[PDB]
Every structure is written in C-alpha cells, then in structure tokens.
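Here's a structure for you.
So that you can tell them apart, the chains are marked A, B, C, D, E, F, G and H in the order they are listed, and the count of residues begins at 1 in each.
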Amino acid sequence: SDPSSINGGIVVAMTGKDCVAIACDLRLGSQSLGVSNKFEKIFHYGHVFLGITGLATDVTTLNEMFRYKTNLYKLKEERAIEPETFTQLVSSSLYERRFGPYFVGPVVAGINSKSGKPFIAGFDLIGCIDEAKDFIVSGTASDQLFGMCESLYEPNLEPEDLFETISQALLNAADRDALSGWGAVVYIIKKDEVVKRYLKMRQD
Amino acid sequence: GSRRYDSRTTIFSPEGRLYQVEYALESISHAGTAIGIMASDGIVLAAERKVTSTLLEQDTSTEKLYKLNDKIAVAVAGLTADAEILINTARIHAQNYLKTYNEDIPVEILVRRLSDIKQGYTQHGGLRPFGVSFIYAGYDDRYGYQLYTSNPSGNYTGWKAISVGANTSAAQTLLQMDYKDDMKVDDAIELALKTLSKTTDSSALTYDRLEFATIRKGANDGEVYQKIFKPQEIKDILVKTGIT
Amino acid sequence: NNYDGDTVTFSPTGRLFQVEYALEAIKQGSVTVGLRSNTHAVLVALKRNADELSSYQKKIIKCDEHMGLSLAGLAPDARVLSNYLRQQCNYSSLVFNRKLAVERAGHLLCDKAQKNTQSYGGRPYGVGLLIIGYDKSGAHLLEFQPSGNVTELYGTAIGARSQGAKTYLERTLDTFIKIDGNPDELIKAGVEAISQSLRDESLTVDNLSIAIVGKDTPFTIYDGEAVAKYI
Amino acid sequence: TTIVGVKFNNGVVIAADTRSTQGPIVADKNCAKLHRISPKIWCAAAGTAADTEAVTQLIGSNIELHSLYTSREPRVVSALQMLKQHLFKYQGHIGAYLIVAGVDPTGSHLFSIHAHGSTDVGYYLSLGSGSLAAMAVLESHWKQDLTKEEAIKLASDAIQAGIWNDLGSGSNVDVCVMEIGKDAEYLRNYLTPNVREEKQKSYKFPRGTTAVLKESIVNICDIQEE
Amino acid sequence: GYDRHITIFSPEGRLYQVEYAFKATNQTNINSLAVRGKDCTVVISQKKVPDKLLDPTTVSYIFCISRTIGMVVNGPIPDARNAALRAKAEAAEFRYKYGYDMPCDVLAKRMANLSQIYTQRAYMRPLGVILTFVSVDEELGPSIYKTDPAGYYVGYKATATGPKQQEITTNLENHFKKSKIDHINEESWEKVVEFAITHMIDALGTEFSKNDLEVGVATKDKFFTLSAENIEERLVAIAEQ
Amino acid sequence: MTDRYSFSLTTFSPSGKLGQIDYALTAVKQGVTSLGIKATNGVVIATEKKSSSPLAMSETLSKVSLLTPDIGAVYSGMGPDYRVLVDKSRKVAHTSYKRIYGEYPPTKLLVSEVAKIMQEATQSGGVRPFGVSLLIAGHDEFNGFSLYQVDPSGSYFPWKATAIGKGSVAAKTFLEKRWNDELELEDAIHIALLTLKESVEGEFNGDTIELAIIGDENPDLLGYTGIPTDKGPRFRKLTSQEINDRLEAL
Amino acid sequence: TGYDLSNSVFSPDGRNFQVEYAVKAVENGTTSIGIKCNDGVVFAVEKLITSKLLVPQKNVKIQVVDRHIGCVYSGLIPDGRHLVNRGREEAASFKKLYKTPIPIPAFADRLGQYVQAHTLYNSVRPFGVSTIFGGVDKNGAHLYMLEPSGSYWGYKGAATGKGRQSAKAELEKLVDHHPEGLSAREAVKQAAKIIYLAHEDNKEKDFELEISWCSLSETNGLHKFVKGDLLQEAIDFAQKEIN
Amino acid sequence: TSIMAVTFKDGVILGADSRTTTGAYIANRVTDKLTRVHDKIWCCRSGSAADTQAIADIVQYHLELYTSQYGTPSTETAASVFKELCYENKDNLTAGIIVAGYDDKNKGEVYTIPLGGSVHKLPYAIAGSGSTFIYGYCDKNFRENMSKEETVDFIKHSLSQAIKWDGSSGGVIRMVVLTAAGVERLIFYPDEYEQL
C-alpha cells in the first residue's frame, strides 16, 4: 500500500578527502518475500553517480529517463554533465511530476571534473535538494543510516578509510531493517579512478 | 480567400514527378560535396565546406558532420538549419529506442524514420520539403558497418561508397574506378580525400575547407569509436597522403 | 467575371456573383406556386421527371403539423433547409410548448442562408422555397431566396416561367384572398395560377403536387389519384 | 521553520532558521530558506520545501523576463501579484508560505503570503511552525523608526526564539538586508549558535575491518582510441 | 505580383502592404503634435467636422487608455478604435497580472509587437494607423512613445504626425536647437498647451477657433482631454500676448 | 476570422533557390552596419544608431541587447523583427534551459534555439522569414568566449570577427587585415571603432554609436553580495562617455 | 492591379477596395434615415412595394435591440440582420455582467469593432449595409450611423441608401431651422416628409412607410413602432408637403 | 470578522474590524478589510481571505476596463460583477462581501452579497461572524438620513459590541467615508471604543 516500502532498499553517500563514496544494498522484495539478491540501485552517467531507493519500477524508470536526458545533454553540449548540473536536472524532473510523483529517494554523488570538488546531494520524492558536505541517506533504513552516519562520520577521510566508514554505516543500518540488505555494493570515487566492491553481509 | 497564394507544395506534375522534391534536389546539387566510404574495418565520412573566409573560426565549427548517437553519424548536404531540425529529431528517436528496448538503435531503423518524416512533407501538410540529403555512417551488431543516403523525397538506399551535393557525377565515377570490397579504412580515407581533391571547385584542397570523420571498430577491445577530426588532424592526414 | 470565384468577393458594382448564380439554379427549376386566404394556405407544384421511365421528383416537404414548404432548384439543399426547419419547429415545441410562428421560421432560414454568403469555403444554397403555415396570427405564405431575403406574400411563384402565374395572382389578388372556409376552391385557384406557367406540357395525375394547411386542417400533401379531382 | 521580516528606516530585513525536517528526523541542518527572486527582492520560505523552491524559481524567472521586457527594475508588488495568482490557482496544494520583501523604485516593502493565496502587509511578520515564538519577541521589542542594526538584532532574536523553543526549527540564522540605494546583502549563517561539540572518540576503523567478496575497476570514460 | 497583396518580401526586401498601410495613415488629413513640459505631456490634434449633421462631441481621435495614458491616432477611425480597445485591454490586464500601472513605453512596445506580427503573418493585415502614447510615467517622467504599421517604436522629446508633419517637426527641431533642452521649461500645463497650439499655428500657417482643435493633457496620476471651452481659455491667452 | 494560411509561403523555385530567404537577406543588406570582434579575454559587438528623426530619443532604442548575463546580440535589417526575436530568445533561454538545469545556457546552444525559431519562420504555414541577421556574442564556463552570426535561413556560423549589413564587404576586409589571435579586449574595441567609422556618413560619437562587450565579471552590476559563486554579468553596455574617451586616442 | 480581388488588401493609395465595393451595395439599397430630437430618436425607412402580393405592414425592416435601441439599415438586408443578431448578443452579455442596459455609445462601438473585424481578413467579406441606430440611455438620446468600414459617428440626423443626398439636404434644413431643438412628435412627421421627398429617386415602384422611435416622454425610453393614428397623421403631413 | 456599511444623508460609510484568524491564532491584528474596487466604490470582506482577495482583484480589473470603455460604473454595476463571480463559483468560494459606493445621482448605496451569491440592496448591512451579536442593536439604533457624526458613532458602537462578544473579531475599527467631498479613511483604537 505505502509505495516507498513495498520493495525495500537503501542508499548512502559520503564525502572524504578528494573523493566520494556511494553505497547501496541489493535486495528487491514484495513486502515479506525477498525476490532478487542482485537488484542494484546505483547508476552512472559518465562520471556522475545516481543512487535511487523506493518503488523499484520508478527506480528503473528514472534510471532510463536520466540515461536518455544525459545522452542528449552530451550530444548538444559536447561534454559530460557535472554533478551540480545533474542535481538540478533531477530536481526539475521530479518536480514536473509534483501531483503524481515518482516514489523515490534519489542520491547524487561525484567529483566536479573542472574544480575537483567532491559533491553529494539528496532529494525528497518531488525534488527538494539537500546538498550536504558530510553525507546523504535514503531508503527504508534511513533513520538507521542517519544514526550510523552521524556517529561514525568524520571529515577528510582517505578513500580506503572512507570505504570502511560508509560500509559499516550501511551494513549495520541494514541489519536493523527487515526490508534492506541481502548484499551490498560500495563505489569509491576519485577524480580518475572508480573502484566498486561487493560486501559480504548477513543474508537474512 | 487564402487559396490564391497557395503554391501547392505536394502535387504531381503531368509527368508524375514531385516539383518541390526535384527543386530541392537542385538546391542540394550546389552544396558542398560529402563522401561516405565503407571499408571492412570501418567507415569514412568526408565533406567539403562551402564558406571559406580566413576569419571563420574553424575549430569550433560544425556545418557538415553531426553525431546522432555513439554508433551513428551523418554528413549533411543542403540547408544546414533544415538539417539541424532533422538531426535533433533523429537523436530523440535513438534515445526513445534505447529507453524502450535497452539496446542501441539499429542503423536502418533510425534511417527509415528520418526518411519517413521527409516523405510526409511530400504527401501532406502543404509545407515545403526539407532541402537536405544525408549520408548516414553507422555500426550495429546485425549488419556491422553500414552507409545509407536519404534525400528530400524520403527515399533511402544503402551503399559501399557514395557522394551527395555538388559534382556527385564526377565523384561517383572516381569512386567506382578505385573502390574495392576488401579495402581498409586507411585506404578509404585516402580515396575520400583524392575524390574531393579532383571534384572540388576551389583551386586547392586544404585543411580549413574540410570536415572529416571515421567510425572504426578500432578501439581498445572490440568496441566502436567515432572520431570527428580536429583541424590539425585533417592537416596531418592531408600531408600523410600527399595532397599538400 | 474576375469577381465570381467565391462568395466572399464583391464585384466593383457591389454584387455577389456566386449568390446570383445560385439564384440562377432556381430559374432552371420546375415551377411552383403558393397562395393563401385568411383561413387556408396552399402550395401547388409542377413535378418534373428525368424521362418517361422515371418518377416525378417530389417538390413538397412537411416541416411540422402546421407548416411545410415547396422547393425549386437543388433538391438536396431543400432537404438541408427543411431538416433545419423541422428541428426549429421541434425545438419550439419541446422547450416552449409553442408552435413556431411562420415569421420566425422565415427569419431563421434567412440567417442560416446568410452565413454561407459571407464566409470562405461554403457556398450559397442553390434553392428557393415557398413556406406556408397556419399559426396564432392566421395563414401565411413566405418566399425564401438563397440570398437570404425572405418575403411575406398573399401569393407568389418561383421556378421556370413563373412570371405568368405571378401576373395571374397579381390580377386575381382580390378574388382568392376572399376564399375563406373553402379548401377546394383555393386549390382550384392555385391550379389555374400554375397553368399560366405551362407550355407544351399540361397537368397530369403523376405530374401535379398540391399541399394545404389551415384553421382545422393539418399540413397534408396530395399526390397521384388524390389530385385527379383538380385536373 | 521560523521566518521573519522586519521593516526599518531605509529598508527591510528578512531572516530564517536553517533546519528542514522529514517527520521527526532532521533531513538537513543547514538549508537556505532565503530565496532570491530578483537582485533586490528576496523571500523567506516555510512549508513544503520543494514547493517553496519551485515557486520562487518560477516567479523569479518570470520577473527577470518582465524586467528585461520593460527595461525597469522589478517591483515587490509584481513578485507578490504573480505569487498570489499562482498559489490561489492551486487551491493550497502548493504549500508555500512566504515572507516577500525588497526594495524597488517605489521604496521598501514587506509582505507575507499564504499557500491558499492570501497576502498581508506589515512592519513585522513571522511564518512557519516557530512563528508564534518569533511573534512573541517581535510584539515585545519592535518599535517604529528602527535602525538597520536594531532591525537585524530584532529579526535574528525572533529567529532564535524559534530555534530554541520550536522543535520544527534549529541550527543557524540566515539574514538578508535590503536597504534603499544599496546592494542587498545576504548574510549566510549570520549566527551559528549550534556547533556540534567534539566527539568523545574517533570511529575510524582499522583497514580490512569490512569483509569484501569482489572488486573491480569501473569504466567511467568515453569509448577509447586506437 | 502577389508579393504586393500580402506581407511577404518583394525582390528588393520590401513589404508593400506595410508601406501602403503607412499611406492610409494620412487618409483623414489631420495633423497631431506632442510635447513635454516639466510636469506634463501635452498632445494636440486638428479636429475637422465637415458635415453639419455630425455630433461634433463624438468626433475624436484622442483616447484615454488608462488613468495615466493617453493615445492619439493618425489614421482611419475604425483601425484607431481597434487599436484603442486593444490598448485598453492590455493596460488593464497588465495591472491585474503585475500589480502596477502599465507604463507608456511598455504599452507602446506591446502594441508595436502586435503590429510586427501583422507584418510577419499573412492572414492579418496591418492596421493603417500611427499611435502616439503619452503619459507622465512614475519612473521616467513626461513621456511620448509612437508606434507605426511596421512595428517600429521609439521615445520622443516631441513629435508630430500627419500630412504636414515635416513642417511641424522642423519648427519644433528649431525651437529645441535654440533652448538647448529636451522639454518645454514651463510650470503649468496650461502654458505648455499654449506653446503647443502657438507652434502649430506658426508651422501650419493657419489660425484656430475653439472647435478646430482637440487637446489631451497627461499629468502625474491622470490623463484628460480639454473641452471646447478650456481650449477657448487657451486661445484667448495666446491672442493677448 | 480564421487563419487559413496553413501552407508554406517560402518554397523552392526551379533553380533551387528559396526566394523569401534570399529576399530576407536583401533586406539585411539594406540594414545599418553592425559587427563583432572576438579577443582573447573578451568579445565586442557594435553598430550605428541611425536615428530616424533628431527629435527621437535614440537612447530609448536599444540595438544591442542583453539576452543572458553573459550573452548579447546586435543585428542588421528590420529592427521590429529583431525586437521580437530578442523577446523570444530571452524566454527560450529560461524555458528550454535555466528552468531545467538551474544555470544559463552556453552561447552555442542559445544560438541554436534562436536559429530554430528563424528556421521555423522559413517553413511553417502563413509566415515570412525574419528579415534580420544577428551577431550573438557570449561567454560560458566550458567554451570560453564565442561570436556567432545567425541568418534568415536559421543557419549560424562561429566567427573570429565579422560584419553584416550595408558596408559589410569593406568592413570584413578591414577586419581580415587587423585581426590576430593575440588581441586584448581594448585592442578589439579600438578596431571595432575604426571599422565602424568607414560605414558611418554623419556624426561619429558616443551618442550615435552603440557598443557592448562580453568581458570580465562585473560584481558591482550584480545588485547583491553574499554568494561567492555569483560574480556578476560579463555583458556590459559601454556608455556614451566611455566610447568618447576611446575616440580621442583614435 | 488585382488589389480589389481580396478583402483586407491595401491598394497603393492606402484603400481597401472591397469595402468601397460594399458601399456600392449600400448605395443601391432603399432609403433609411434617423432624426435625433429633444429627448429621443426617430427612425424611418422606404419599403419598395415590388408587387401587390406583398402583405402590407408585414415585412418589417426596423429592428429592436434590447428594449431601448432601434436599428434600421440600407443594403443587403440579411447582412443587416446578422449585424443586429450580433448586436443583441452584445447587449445581452453587457446586461448579464453589468446589470444596467447597454449605453448607446458602448453599443455603437460593439457593432463598430465587429464590422471592422470583417475588414481584417481575406476569409471574410465586408458588411454590405450602412446601419442607422440609437436610443435613450442614462445620458440622453444618441443617434449613430455605421458604414461597411466600421466607421461610425454620432449624428443630429443621418441618411443612407439611394435617396441619401435628397434626405441629407432635408436634414440639414431641420438642423438650421430648429437650433433650440425638435420635439419627438415633430420628428416623426418630419421623418415621414423626408422619406416621401427621398422617394423621388426610387420613383418607379410605389412604397410603404415605416417609422419607429424612442423618447423619454413619449415612449418612456423604450423603442416602439409608430402605428395606427400617429402613423397616418405623419403620412398625411408628408402627402400635404409634396403637393 | 465584523463588517458593516451604512448609508446616510451625505453618502455611505463602511466599517470593519482588523483581525485575521488562523484557527485561534491571530495572523494579523491590523488587517485592512475595506478594499477599493473603484474611486468611490468600496467593499468589506468576510469569509476566506484568499477567496475574497482573488474576487476583489478581478472586480478591480473588470471595473478599470469598464471605466476605460464606458466611463464611471454605478455601485449596482460593481455589485453585479461581485455577484457573477460569487454565484457562478459558489461551490468553490467562501465569500461574504458588502459593496458600498457613492454616485452623485444615486447618492450612497449598499449591496450585500452573502455566501450563495444572491444580491440584496439595503439601507445598511452587517456581515461576518461578529454580526450575529449586533442584529438586535443595529435594528434598534439605525435611522435613515443620519449625519456623518451620527453614522460614525452608530458604526463605532455596533462594531464595538461585535468585537466585545466575537473572539474572531478585534483590533482596530477602520472606516471609509464616501461622499461628494471625496474619500476619508478613519481609524479607532481599542482604548476609545472599549469604554463605550
């Protein structure tokens, strides 16, 4: 009935020193039934990363929509869209469905390729931007993620430390939520390399 | 009423031709020549610019060669503004297909839709046709490398090598002479430039009058790359073949 | 000449040639006559055939129990205008419980014909009509021309050679107007009026069409052996 | 939210707190609720966050185009008229509650506008969940013929009442001052009375603490040459 | 030559229907003149009532568009009234949407844009009129803006329109060359009206009775026209100096 | 009362010409000279204020127009057509770009949109082409400075320097000699003023010349302080006084 | 040339020839007049008796709009009817929104703008009538005449159709010889005279007179037809003055 | 709200309280509920603040356009335009409006337009939540052809009582006087009107 908690899922993003991290769980269910163990919630359009939680049909639809829009952007502008610009595009696109919204919690992460500045942003389902210096959380275990992030986080972490911090935030939040977990992925993003790691986590 | 001023853009002549299409083709025949050549390992697109002034900013200029998606390019002969309307339509059709099927659009399917739009302006609506001919260069995993052309009639056909715009008679004779099926990209590049060099109405063919592009499966590890040649890259490729 | 391509063009003398050409289709039409007393109104129409194997085209159309018309010119245009009259009479009944005045009927036809004389794409109606009826102010005869001009008359005629019948009625005026409480005498007078427009042909049993309406008489159409009486 | 507007001698000042909430959770601790409509017309926003951002951006866009069309500097009453007609049309469903202020060729102005499309004029105003805490301060300390310095003080005091006493409001105070004859000065984080204390401990983990199943390099680049 | 019937280009890059609309402008054979004071903007126009059967109070080419804006038209009256109704609607709509009175120049731009559309779109003919808008704008002060069938418009220090416009124009040009200022340095609108009538008399070479003129005055927060009798009071003062 | 002109008024003739576009270009030839020159750290665009009456206040007619804070346009040809194009270009910059991406469009893309509008007037039913050529000068973060010409057809071309209207052949030749890729903005302004004197008959001062630049960010023109990343419009219209100062060293 | 083949085209003079051709249709029509009096207006018209067969008193040409406005016209009769129908829609929408009946100057511009709109496009033809109309409102009596161009003015008296010149000369004499004013009952009689005098120019066929009036005193500001004894009194007056 | 309009010898006077409520909270205590739709045609507003504003803005627009085309509108005409909006949109509006104006011909007039969008021409009218408490008082104390000072006192005493008993009314008493002399705005503070 409540569309934001039929399928389950979480996304968290964090900034470190000259890097960002974005992570998600892998579960897709229909309420109590876990259906898929491979449902990733993080996508990329060039060097800009988008995590989407919420109703899974809208997660898929929005990914396809932003792939469409960023492909056209790139053809017309002759360059890749930057995270600050993509954040505005997400907001515009969500707000144009104001009275029949996509039931989603998007999260943008990336490094501005010109200025080198790490960037993360979060949104509500109708496009209000939350541009945070520290972290962004989204999904069914958002309360749990807020608690983990607010205690575990410290500024200017190095990529390999940030990885431990974001992974522990995700793993422990997921374990206190019935509809999140079943696997996790963590992207560590620096200006010109991106490492992706699948975490070992409890499978219940 | 208004009937008095209607030129009637979508009628047959007594001979069974479409006046406006024929007259649009006449317009296209005075445009800068564009050549497409298909090899076994890639495609060449080469086009001659019509507006030379020493003061034209050439490195930020694009009148002839446009990217439709990552696998498909077009070369333009005719009205540039007309062509940009159609190009943006084709870019949108490509992305609709990708959205729908999660697969890049097959080249013929894109070509057919653009050609169907052109056809519509010849059969209904009372508007003038688009004064544009396209050479489509692209790759997909069904037919590999493909070259097509379309013109204001909305008729399209596929080719091993083809020219559009000015002096296509001369250009097609020369391509027919030196083209062979086993040919490679590097040879096709040389063929394209030689053919332009002989058909041009200018005294000499120089880097500042050209736009040039390739589509090779000559990328790192079995994928396809579009290279729109920068001015310096055309200048080098003009020396490497001994036209300068 | 240069000014007759459509209805939306005045000539330099202020004429509308497409309307004048529509008027011309009426003059090619078979003759029809209308006349009235204070108690009844009568339509007589000469029906025309294609050849001897054919029917004689029907010229008279009922619009309501108290109103109907005769046509000369394009028959399908009479069918369009008569359908509009049927609807307007019908609207007056259902909404106001009121039989539509013959004067209002004429005004409605005028305005409907006029719109086709001022706008591009359309054409004028190519038909003239004689409308008769009995309403709250007695018996009425109307002449409709597709210019939009509608005229109330004691009697008239339209179609080919209609000037004969029209002169007869112009003379007879003081006689037939007096034919009150006597349907068969009013019909006779109309049949003699129409006879002044005949040449070579004369009025046979399947050639003649008569209609009458009045005080305690619904609009009824007489065809075939029901007009033998009047030949 | 706590937002306020205070009129002074040569202008108007608006202020806001910086908390946004999602249920009882604080979604953002440092939002910007002071929205620029035009260079000298600013408004403070309360209500549905996305609606306030969208409504000010739309009206700001149309005000810019109107300013270009007329070759005139935009007026506050035009921003107000466009906001009221837009919000009224949506019958309260666009939940923006705004304090609209600025300077223009006509002078200095201060208005409030509700989600259903009603507007008010005042020398001092407050909106949002903390509007009662703020209005208590404004009703106790406001006087006519205020200086710029006195008005900034009063406005930020009124926000502070909201910050401390209303659970809907917190973190920092933002101010924008619009004075006649001068550029508008936007004072982002004018007050910062809620810095988080030093944590007792660092939670930085030993590298290798987290169990990994697989790694890989992600290709972000375009399709390569040669 | 169907390029002469509708608003498409001729081979020499011209719009003949626009040029012929300019000629309709003078069909009435009336001259108009506008000037600016310190506090005011005055507009005067010849009034000709040829037929004795006309009600002369209904014969006018000056229009009150809004409280602050007046408009005088040079052209046939049906096109003038079309322009006047549109400008009234536009000025009222502007006030409703944007919460302040439409400035003279913005209305002038708006009506000029509408006129431009008739020069570009084939189904609409140009209006055969020139529209002189006057006001005392709250930002810009005394203002005169003039629109024509090409969609052209500009502000003026002073202006004149009609068959004898060039005579009036040079008369006014010559005054401002002497005075070396943009306006009539005069406190009262009454004296600015007197200036306007005086300089039209000189330029046209004709004297005027009270019924030969039509006068409009814009002050701060109203535009109004003068009665025949306020004009007689004006004509008297000119004669006595 | 209906628009029945749903057919093209611009069509191909037997020779392949689009007559109405050619005739539009002829109207552009009759128009007053305007020009643009690209420098390394700026762009200048300039034209003559040919006043119609000397009673006209030529200050009120702006031939050089701001489209966005970093983009400006000037024209040659029919002024009313230019004025409505400026209105539409300003609007399309918001509707098709700023309201989507939260930032002003890059020059080439705004040019692309204006070009589109002009192409539609060349093919749609019941309209004539626009009788203007535009020069659009602008700056954006990833392309730097640029200068584009837009013609009645909808075609646009990027230029290092160019001129359009009346004396454009002579002015283009004058610019071929003086232009180099090391020009500083002041040198480009000086060349613009020299080139424009050739095409002007009468008075030649800051009241008869309209000139604007795309240069450095002007924080004093922004209207507000307090946002570090908002540094101000790069578009600036030179005043009468500023032009006259540069005419004394000429 | 060809400038006269299409409505809304300017000739090189600055004229719309199709409107000028519509005027010829008006000039071809029967004479109609209006006379403004002290507290009212009078309208009169010549109805040609084509035939004995026309029912007398039964082809009424003058038309009421709302309850206070009379309209008469010369030219294409159906075009005049179309214009009155529109006039009626305009008067109804005014009264619907503002409550008060439409003022005569307001009504005059409604017709004016509508007639003028039929000179703006080649898809329509101009009106082939000139229309004389007026009545009493809160500000007094008003008489108007409206031509195919959409041009209208206020009048002391007005005339149009074939006998317009004769009638115009007659109206000019009334204005000169009655400067302090004319009563409503004088004007009815004078209207009869003028139509009879103007009939000289249409003298082949005999004619039927039709008169109407609105007067603050005589009709309480409503439009009524002149019938019976008062019509005959006016006819007698007219017959006496031609002989 | 408490609003009234009262005709008298020289014209008409409009009066109102200044309280705007948001439940039990007073959103604005110095509200101006008397709004000008034409130079000498004014209205009192009660019901939804948004609805009555939207209506009054439209009426102001309609009457400014009336003025341009047809001259000064009557008070009846202004009331007709309010009525049309209130009647046709009766499902979506909560507006109780009193319209008052001065002509030289008709002198002072008062029209009241309650919830359903009916119109009622009256010598005086009262409306708003607070008006219930003064029906008795106003009926007993109103006479026709009062002086300006008498009418000011009648309204001051009436709204005084409405304010005293109605929690949804309060603040200052504003009045607008409409005569041939022009337009006079009056204000009366609690310390004057409470002790009456």
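List of remarks:
The working rule: a residue touches a chain if its C-beta (ideal position, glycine included) is under 8 Å from a C-beta of that chain, and two chains touch if they have at least 3 such contacts.
Which protein is which chain? UniProt says A = Proteasome subunit beta type-3; B = Proteasome subunit alpha type-3; C = Proteasome subunit alpha type-6; D = Proteasome subunit beta type-2; E = Proteasome subunit alpha type-1; F = Proteasome subunit alpha type-2; G = Probable proteasome subunit alpha type-7; H = Proteasome subunit beta type-1.
Here the chain-to-chain distance from subunit C to subunit G, counted in touching steps, is 1. Compared on C-beta pairs in contact, F-G and A-F come out with A-F as the pair having more. Centroid analysis (C-alpha atoms only) places A farthest from subunit C.
Remark: subunit B and subunit D have CA centroids separated by 53 Å (rounded to whole angstrom).
Inter-chain centre distance (subunit D to subunit E, centres taken as mean C-alpha positions): 48 Å. The distance from the centre of subunit C to the centre of subunit H, each centre being the mean of the chain's C-alpha atoms, comes to 64 Å. Once the centre of each chain is set as its mean CA position, subunit D and subunit F turn out to be 38 Å apart.
The residues of subunit C that reach two or more other chains are 8, 120, listed in rising order.
Listed for subunit H are residues 69, each touching two or more other chains. Among all residues of subunit D, those that touch two or more other chains are 69, 71.
Of all residues in subunit B, those touching subunit E in their complex are 2, 4-5.
Listed in rising order, the residues of subunit E touching subunit G in the complex are 1-2, 4-6, 16-17, 20-27, 52-55, 57-59, 76-79, 81-82, 85, 123-126, 128. Interface of subunit D with subunit A (complex): residues 20, 22, 25, 27-28, 31, 48-51, 53-54, 93-94, 199, 202-207, 209-218, 220, 222. The touching residues of subunit D, when paired with subunit H in their complex, are 84, 88, 114, 116-122, 132.
Touching subunit E in their complex are the following residues of subunit G: 2-3, 6, 8-15, 36, 105, 109, 112-113, 115-117, 119-123, 143, 149-158, 168, 171-172, 175-176.
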